[PDB]
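Asks: Please work out how this folds:
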Amino acid sequence: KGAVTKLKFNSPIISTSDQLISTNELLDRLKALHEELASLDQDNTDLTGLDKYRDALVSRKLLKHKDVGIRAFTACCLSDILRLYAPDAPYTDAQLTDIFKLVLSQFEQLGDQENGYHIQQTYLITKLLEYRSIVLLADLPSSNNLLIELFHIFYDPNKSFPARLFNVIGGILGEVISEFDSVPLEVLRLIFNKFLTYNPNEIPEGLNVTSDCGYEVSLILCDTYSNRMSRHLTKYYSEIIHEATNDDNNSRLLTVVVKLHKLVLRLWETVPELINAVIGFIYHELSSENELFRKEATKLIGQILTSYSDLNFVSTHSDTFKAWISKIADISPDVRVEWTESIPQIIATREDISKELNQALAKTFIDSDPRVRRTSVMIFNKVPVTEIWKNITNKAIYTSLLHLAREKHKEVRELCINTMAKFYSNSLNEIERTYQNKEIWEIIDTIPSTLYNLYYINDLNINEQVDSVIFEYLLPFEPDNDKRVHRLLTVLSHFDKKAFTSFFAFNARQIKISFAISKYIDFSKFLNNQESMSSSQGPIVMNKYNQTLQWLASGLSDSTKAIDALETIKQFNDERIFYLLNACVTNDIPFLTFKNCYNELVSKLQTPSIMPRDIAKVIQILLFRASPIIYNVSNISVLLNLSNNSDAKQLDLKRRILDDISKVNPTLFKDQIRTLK
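Replies: Numbering: from 1, shown residues only. Shown next is the protein structure:
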């Protein structure tokens, strides 16, 4: 009881009828008492001649005093009283609650506008944490309520606390909760909901210095006090699902589970150290009876594998990861698709996995359900070709791709043809060849040959597709004149006998179709003026042109779409269009000017019995079979011996091509030379 320091303050604080103390005087006195009790040392101090104020600083007349100042100083004085006397704990539970219920009022006022006493309030919250005198609130018959109130004060939106106390607030709420074993679910919501209600990088502005207390606090507790929050996180997730399931509403469980997943997703992006607390639940969700939950669980893990994190998932939670990829055989196709729909992002976000993916995708490309196979081929469409050759490298993958080209399913077949097509084009204008990647090229080089084989199954639809596709990726109409032949050879490089026969056949028809469109216009210009409405060939030519238009419309899926197309063109009778069209079939035409007349021809038909749109998509795919593309000026490029020796895999092609181009009929060939002599 005897020390070196002693309380110097010895003035009345309680105002009675006999002896009263004005507000100001009492305010100043409490100020002195406060400033002194703060300098007093815990150990070396009398403390004996202080009890007088111990029983005075609890008078309800002061705790609920009008003037905020008195209550402020009183709270500061009490904070030190608990400090000094500690651990003796002088005040009883009753008196203690009245004090902790007053301090909360201070924290509440600390958020509101300055009452001219924030300094004292700041000292309160700070000292109450430094001396750990705030934990005393944890061991009370009303700690639960005081806890909920404590959090509501800081997490109160209508409040505005300085970024300076953020670290302090996290300490208060941190130590106070670290004393609880079963924190009210109400408190948990308030703490976790911040990860959902507040999401940064949402509004691209100038500084984003806005910041938020509730959020930062949640992070402090989930980071600094993760060891104690993880235990509660499991309770929260478990309690929520529990509450929503028993809920009279049968359409709430699925709505709440989706949020929890989003919460976990956010937690993993901020504090992936707590995900281990509820990682177990998810694990079983995947193999849960209800597929919906399995679908959501699969989608969740799929989103986590695409979010930035200081920690690794497949490394930390490998048990669940294997369960994730194990959904490639899930009974529910929806779960399968939901899975395959995440691969694109993952592959474009990480390269960590290149084994499980190739093993799963291999089965996904041959799954019974068409939906998944479609979502599988979509990969080569969404994710860039580059990332494709880098990540996936499985043999079955490519093979299965080109395999679906001959599949009965249309929607899948169509998408496939187009995909594996553009893929081939981009697989040559970006990725090169090495001593290791060439192991799979034998599949990408056989693509052009494959497409041409589709002409054998004989199908108006397929044929049209192939035609439009080839001249869209494989053999383009740009950019120069040399590179065309260069690639034209790289395309015909890996070609089987059927590929060539069909290749040449597709050309042998071009000269015939050309002889048609040519006359088509010669018979179309029939109405350029009165000629033989019933004179010359009127009764025969009419049925000549009318029966010739069906010829070029017999190789089209919708013949009734062509006969009406060219028929309306006959109605227009515009010499212009007739010129371009005719100037695109007269054979022997500079590839350059061809692209000019063609491009302008299809563009002039746009936005003019039905929309001309059809006429365009019909005449276009009709010209690819008519107009000469490969059998033109390209002859000179190949005519010029680009090789003096070696590279025999090119000379044989030069032969294969020219040898056939000459077989067309030298009927006109051996004539030019004669006129030249």
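Asks: Mind naming the longest helix for this protein?
Replies: For the chain, the helix that runs over the most residues, judged by DSSP state H, is helix 226-246.
Asks: Show residues contacting that one.
Replies: Helix 226-246 has contacts (C-beta atoms under 8 Å, 6 or more residues apart in numbering) with 177-178, 182-183, 185, 188-189, 192, 221-222, 252-253, 255-257, 260, 263-264, 267, 271, 273-274, 276-278, 281. (C-beta placed from N, C-alpha, C; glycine too.)
Asks: Measure how buried residue 448 is and give me the count.
Replies: 23 (other C-beta atoms under 10 Å).
Asks: Which elements pack onto the next helix-or-strand element following the longest helix of the chain?
Replies: Scanning forward in sequence from helix 226-246, with DSSP states H and E defining helices and strands, the next element found is helix 253-270. Helices and strands touching helix 253-270, as assessed by 3 or more C-beta pairs under 8 Å, 6 or more residues apart in numbering; DSSP states H and E, comprise helix 194-197, helix 213-223, helix 226-246, helix 291-304.
Asks: what's the closest of those to residue 88?
Replies: Relative to residue 88, the nearest member of the helices and strands packed on helix 253-270 by C-beta to C-beta is helix 226-246, separated by 27.2 Å.
Asks: For the residue nearest the centre of the chain, give me its contacts.
Replies: Here the mean C-alpha position of the chain is nearest to the C-alpha of residue 345 (C-alpha atoms, centre = their mean), at a distance of 6.1 Å. In this structure, residue 345 makes contact with 302, 306, judged by C-beta under 8 Å, 6+ apart.
Asks: Ok, residue 30 next?
Replies: Contacts for residue 30 (C-beta under 8 Å, 6+ apart) come out as 13, 69-70, 73-74, 77.
Asks: separation between it and residue 23?
Replies: Distance from residue 30 to residue 23, counting by C-beta to C-beta, to the nearest Å: 10 Å.
Asks: And for residue 389?
Replies: Noted for residue 389: a distance of 82 Å to residue 23, by C-beta to C-beta.
Asks: Looking at those two, which one has more neighbours?
Replies: Between residue 389 and residue 23, counting by other C-beta under 10 Å, residue 389 is the more crowded of the two (16 against 13).
Asks: surely that one meets residue 434?
Replies: No - counting by C-beta atoms under 8 Å, residue 389 does not reach residue 434; the two are 10.5 Å apart.
Asks: secondary structure class for residue 372?
Replies: Look at residue 372: counting by DSSP: H, G, I helix; E, B strand; the rest coil, its state is helix.
Asks: Nearest residue to it in space, please, no chain neighbours.
Replies: Once flanking residues are discounted, residue 372 sits nearest to residue 336: 4.7 Å by C-beta to C-beta, 6 or more residues apart in numbering.
Asks: ditto for residue 514
Replies: Skipping the residues right next to it in sequence, residue 514 comes nearest to residue 585 by C-beta to C-beta, 6+ apart, at 4.5 Å.
Asks: Which of the residues in the strand or helix carrying residue 174 are classified as buried?
Replies: Under the assignment given by DSSP H and E, the secondary-structure element containing residue 174 is helix 166-177. Residues of helix 166-177 classed as buried: 166, 168-177 (neighbour count, 16 or more other C-beta atoms under 10 Å).
Asks: Determine the set of other helices and strands touching that helix.
Replies: helix 118-130, helix 143-154, helix 213-223, helix 226-246.
Asks: contacting residues around residue 456?
Replies: 498, 502.
Asks: and with 10 Å instead?
Replies: Shown in contact with residue 456 (C-beta atoms under 10 Å, 6 or more residues apart in numbering): 498, 501-502.
Asks: Likewise for residue 115?
Replies: When contacts are taken as C-beta under 10 Å, 6+ apart, residue 115 is in contact with 67-69, 72, 109, 121.
Asks: Thank you kindly, that will do.
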